[PDB]
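Just work11.pdb here, PDB, C-alpha atoms (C1' of nucleotides):
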ATOM      1  CA  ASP A 437     -27.043  13.682 -33.639
ATOM      2  CA  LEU A 438     -29.463  10.742 -33.270
ATOM      3  CA  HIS A 439     -28.324   8.908 -36.411
ATOM      4  CA  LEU A 440     -27.366   5.333 -35.514
ATOM      5  CA  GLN A 441     -24.447   3.910 -37.476
ATOM      6  CA  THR A 442     -23.310   0.316 -37.058
ATOM      7  CA  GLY A 443     -21.148  -0.390 -34.020
ATOM      8  CA  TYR A 444     -22.925   1.962 -31.611
ATOM      9  CA  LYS A 445     -24.507   0.993 -28.290
ATOM     10  CA  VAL A 446     -28.052   2.037 -27.362
ATOM     11  CA  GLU A 447     -29.178   1.755 -23.733
ATOM     12  CA  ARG A 448     -32.852   0.951 -24.203
ATOM     13  CA  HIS A 449     -35.363   0.645 -21.394
ATOM     14  CA  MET A 450     -36.013  -2.804 -19.952
ATOM     15  CA  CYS A 451     -38.667  -4.165 -22.310
ATOM     16  CA  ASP A 452     -40.651  -7.354 -21.808
ATOM     17  CA  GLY A 453     -38.869 -10.630 -22.477
ATOM     18  CA  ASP A 454     -35.611  -9.529 -20.856
ATOM     19  CA  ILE A 455     -33.818 -11.778 -18.370
ATOM     20  CA  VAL A 456     -33.222 -10.702 -14.752
ATOM     21  CA  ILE A 457     -32.290 -12.435 -11.498
ATOM     22  CA  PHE A 458     -34.052 -12.250  -8.119
ATOM     23  CA  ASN A 459     -32.528 -12.441  -4.694
ATOM     24  CA  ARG A 460     -33.714 -12.676  -1.085
ATOM     25  CA  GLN A 461     -31.451 -12.491   1.905
ATOM     26  CA  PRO A 462     -30.413 -14.804   3.394
ATOM     27  CA  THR A 463     -29.196 -16.768   0.307
ATOM     28  CA  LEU A 464     -28.838 -20.171   2.019
ATOM     29  CA  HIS A 465     -28.492 -22.261  -1.149
ATOM     30  CA  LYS A 466     -28.265 -21.984  -4.927
ATOM     31  CA  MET A 467     -32.050 -22.096  -5.364
ATOM     32  CA  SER A 468     -32.253 -18.796  -3.461
ATOM     33  CA  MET A 469     -31.041 -16.654  -6.368
ATOM     34  CA  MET A 470     -31.688 -17.528 -10.016
ATOM     35  CA  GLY A 471     -33.002 -16.066 -13.246
ATOM     36  CA  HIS A 472     -36.461 -15.072 -14.462
ATOM     37  CA  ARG A 473     -38.052 -13.472 -17.527
ATOM     38  CA  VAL A 474     -39.366  -9.904 -17.444
ATOM     39  CA  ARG A 475     -43.096  -9.331 -17.938
ATOM     40  CA  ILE A 476     -44.290  -5.724 -17.731
ATOM     41  CA  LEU A 477     -47.293  -5.219 -15.433
ATOM     42  CA  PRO A 478     -48.903  -2.121 -13.874
ATOM     43  CA  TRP A 479     -48.687  -0.998 -10.210
ATOM     44  CA  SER A 480     -45.481  -0.852  -8.166
ATOM     45  CA  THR A 481     -44.520  -4.396  -7.103
ATOM     46  CA  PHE A 482     -42.680  -7.454  -8.312
ATOM     47  CA  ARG A 483     -45.229 -10.111  -9.298
ATOM     48  CA  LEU A 484     -43.761 -13.619  -9.292
TER
ATOM     49  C1'  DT B   1      38.953 -52.851  38.181
ATOM     50  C1'  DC B   2      33.360 -52.485  39.971
ATOM     51  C1'  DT B   3      29.422 -50.141  42.958
ATOM     52  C1'  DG B   4      26.320 -46.313  43.260
ATOM     53  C1'  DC B   5      25.291 -41.225  44.984
ATOM     54  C1'  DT B   6      24.849 -36.868  42.830
ATOM     55  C1'  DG B   7      24.506 -32.045  39.705
ATOM     56  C1'  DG B   8      23.354 -31.202  35.682
ATOM     57  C1'  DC B   9      21.117 -31.650  31.208
ATOM     58  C1'  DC B  10      17.553 -32.931  28.679
ATOM     59  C1'  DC B  11      12.920 -33.923  28.151
ATOM     60  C1'  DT B  12       8.227 -33.956  29.716
ATOM     61  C1'  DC B  13       4.000 -32.358  32.157
ATOM     62  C1'  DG B  14       0.088 -29.090  33.909
ATOM     63  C1'  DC B  15      -1.334 -24.538  34.121
ATOM     64  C1'  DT B  16      -2.108 -19.843  32.806
ATOM     65  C1'  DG B  17      -2.185 -15.240  29.622
ATOM     66  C1'  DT B  18      -3.390 -13.683  25.522
ATOM     67  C1'  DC B  19      -6.330 -13.753  20.510
ATOM     68  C1'  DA B  20      -9.901 -13.406  17.441
ATOM     69  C1'  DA B  21     -14.541 -14.435  15.963
ATOM     70  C1'  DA B  22     -19.550 -13.913  16.815
ATOM     71  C1'  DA B  23     -26.454 -14.557  10.019
ATOM     72  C1'  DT B  24     -27.906 -11.711   5.555
ATOM     73  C1'  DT B  25     -30.308  -7.345   3.597
ATOM     74  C1'  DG B  26     -33.208  -3.160   3.740
ATOM     75  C1'  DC B  27     -35.301   1.738   5.539
ATOM     76  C1'  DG B  28     -35.992   5.714   8.862
ATOM     77  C1'  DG B  29     -34.655   8.850  12.603
ATOM     78  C1'  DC B  30     -31.595  11.588  15.895
ATOM     79  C1'  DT B  31     -26.852  13.571  17.423
ATOM     80  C1'  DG B  32     -21.984  15.358  16.758
ATOM     81  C1'  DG B  33     -17.566  16.804  14.045
ATOM     82  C1'  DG B  34     -12.674  21.116  20.292
ATOM     83  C1'  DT B  35     -12.032  24.872  22.667
ATOM     84  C1'  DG B  36      -9.365  28.602  25.200
ATOM     85  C1'  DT B  37      -6.429  32.151  24.536
ATOM     86  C1'  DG B  38      -2.116  35.781  23.381
ATOM     87  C1'  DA B  39      -2.834  39.302  21.108
ATOM     88  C1'  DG B  40      -4.870  41.834  16.600
ATOM     89  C1'  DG B  41      -8.840  45.558  15.752
ATOM     90  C1'  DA B  42     -12.339  48.870  17.130
ATOM     91  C1'  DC B  43     -14.545  51.912  20.499
ATOM     92  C1'  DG B  44     -16.312  55.938  24.503
ATOM     93  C1'  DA B  45     -14.863  58.889  27.207
ATOM     94  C1'  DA B  46     -11.803  62.344  28.694
TER
END

Rewrite the coordinates I just gave you, this time as structure tokens.
Amino acid sequence: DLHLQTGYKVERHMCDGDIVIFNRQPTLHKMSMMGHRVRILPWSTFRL
DNA sequence: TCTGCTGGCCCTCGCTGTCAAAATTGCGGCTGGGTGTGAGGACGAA
């Protein structure tokens, strides 16, 4: 049942090079939330 | 035919009673979800 014909959708894991967006309350201005690129690093924190 | 005092009507004012709002996000922990009762069931003793 794992055959992939054209037109399907596959929910892959978030690999490196993906685009995400970071936020910190309070968002006072439009610099306070904006996009980044995903780089996969060890340990358990966001590293910006 | 004029002068001019007056109740009424309108408008205005100042004051007071009520109205709604009061940064963003996240995590952890405790406490409380009504209660008493007229009668349905069972029982110990005789």

At a cut-off of 12 Å, can you tabulate as a Markdown table every residue of chain B near chain A together with its closest atom pair and the distance in Å to one decimal, using only C-alpha atoms (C1' of nucleotides) and ordering rows by chain then number?
| residue | atom | partner | partner_atom | distance |
| --- | --- | --- | --- | --- |
| B:23 | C1' | A:462 | CA | 7.7 |
| B:24 | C1' | A:462 | CA | 4.5 |
| B:25 | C1' | A:461 | CA | 5.5 |
| B:26 | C1' | A:461 | CA | 9.7 |

Would you mind exporting C-alpha atoms (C1' of nucleotides) of the selected residues as a PDB file, keeping the file's coordinate frame?
ATOM      1  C1'  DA B  23     -26.454 -14.557  10.019  1.00  0.00           C
ATOM      2  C1'  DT B  24     -27.906 -11.711   5.555  1.00  0.00           C
ATOM      3  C1'  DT B  25     -30.308  -7.345   3.597  1.00  0.00           C
ATOM      4  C1'  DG B  26     -33.208  -3.160   3.740  1.00  0.00           C
TER       5       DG B  26
END

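The coordinates place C1' of residue 27 in chain B at 27.8 Å from CA of residue 473 in chain A.
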
**Report entry** the PyMOL selection byres ((chain A and resi 455) around 7) resolved against shown file, as a PyMOL selection string
**Finding:** chain A and resi 453-454+456+471-474

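Taking CA of residue 443 in chain A and CA of residue 457 in chain A as the two end points, the separation is 27.9 Å.
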
Requested in this report: Run the PyMOL selection byres ((chain A and resi 469) around 6) mentally over the shown coordinates, then write out the matched residues as an MDAnalysis selection string, using the chain letters and numbers from the document.
Outcome: chainID A and resid 458:459 467:468 470

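Between CA of residue 465 in chain A and CA of residue 452 in chain A the separation is 28.2 Å.
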
Padded axis-aligned box of range 17-29 of chain B (5 Å per side), centre and edge lengths, Å, one decimal, as AutoDock Vina command-line options:
--center_x -19.1 --center_y -3.2 --center_z 16.6 --size_x 43.8 --size_y 34.1 --size_z 36.0
